[PDB]
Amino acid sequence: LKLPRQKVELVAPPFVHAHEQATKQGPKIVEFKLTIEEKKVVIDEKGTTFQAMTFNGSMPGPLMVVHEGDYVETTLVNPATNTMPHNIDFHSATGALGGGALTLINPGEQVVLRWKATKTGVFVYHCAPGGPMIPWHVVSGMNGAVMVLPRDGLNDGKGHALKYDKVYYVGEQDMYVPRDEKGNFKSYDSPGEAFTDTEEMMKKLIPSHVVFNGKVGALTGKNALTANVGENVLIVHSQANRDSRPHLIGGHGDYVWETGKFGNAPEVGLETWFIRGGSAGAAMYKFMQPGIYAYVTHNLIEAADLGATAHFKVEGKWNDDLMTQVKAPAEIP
């Protein structure tokens, strides 16, 4: 395979490494490295801890971006400082359980997998060692996404280009933290110690936490998403294990691929869309109003009470044609 090689410097979510939308490049071998990290992390503002397992130290794993017909060559590294075997399954790839059957590595090993990007869209990647370890590694945080863009960039299905000014990747994580007898979340010394209680809870199908970017409030305050009025923002949303229903409070999905695959035309003008567990989808919105937006899953219990709220802070001029407070709050006459 005698194609040009291109290295990518991955960046932590919700940001996305620099890339072209439309490109004049032909196929390349695009090189990525992912280093697995098992680590205890804090997942809420109460200080609850969690035995996480991650690609590149983040939940979600970073977004990888290539174009249709590229070859994606991933060096997956499992340092000796980890305790368990791991692998990678790319839903964008064809064969060998998405790559999982070719990438199982013990602590102290690395492996190099290449796959041809024959399907466009956004796709989940995740660890999948075998058997009951599959769900456990995924809900412990071992999932991310890859975006395979058409070489001509995105289109509306009507002949028009859809160019985004910026893209964010929102990875949603269902987490299963057990409680003790008096009702407090438990803490564990190792993922292995957490396994028995965690699996018992997993099988009951109700998460304790549903978070974006690994933690309650991760995408708020200093780390709010941003935009300006007039900017077209692409929001990639993934969920490797469980359904979600994204919604931009005060906005819309102007163009939405809820099944996430660019061979299909987008839907237009959505209020709320649906990410099937085990998939990524994408929504584009051109901001029209400044101020705070919340980006949620629209199970509002999940959003407000279990962790699944991000914010956008948007700069620009208020549009009184689109909305106005005709009369401020006043005593009823």
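Throughout, we count residues from 1 along the sequence that is shown.
Q: Between 223 to 231 and 258 to 266, point out the one with the higher average CA B-factor as the PDB entry records it.
A: According to the entry, 223 to 231 carries the higher average C-alpha B-factor.
Q: Test of understanding: from the entry's C-alpha B-factors, which stretch has the higher mean, 24 to 32 or 303 to 311?
A: So the stretch with the higher mean C-alpha B-factor is 24 to 32.
Q: Just the C-alpha B-factor column, please: which of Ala194, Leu205, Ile249, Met142 has the biggest number?
A: Largest recorded C-alpha B-factor: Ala194.
Q: Using the temperature factors of the C-alpha atoms in this entry, rank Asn87 within its chain: lowest, middle or highest third.
A: Ranked within chain, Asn87 CA B lands in the middle tercile.
Q: Lowest, middle or highest third: which one holds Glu271 when the chain's residues are ordered by CA B-factor from the entry?
A: Its C-alpha B-factor belongs to the lowest third of this chain's values.
Q: In terms of the chain's CA B-factor thirds, is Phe185 lowest, middle or highest?
A: For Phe185, whose C-alpha B-factor we compare with every modelled residue in the chain, the answer is the highest third.
Q: Taking the values exactly as deposited, rank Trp115 by C-alpha B-factor within its chain and report the matching third: lowest, middle or highest.
A: As the PDB entry reports it, the C-alpha B-factor of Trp115 lands in the middle third of its chain.
Q: Going by the CA temperature factor in the PDB record, which third of the chain does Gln173 belong to: lowest, middle or highest?
A: For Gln173, whose C-alpha B-factor we compare with every modelled residue in the chain, the answer is the lowest third.
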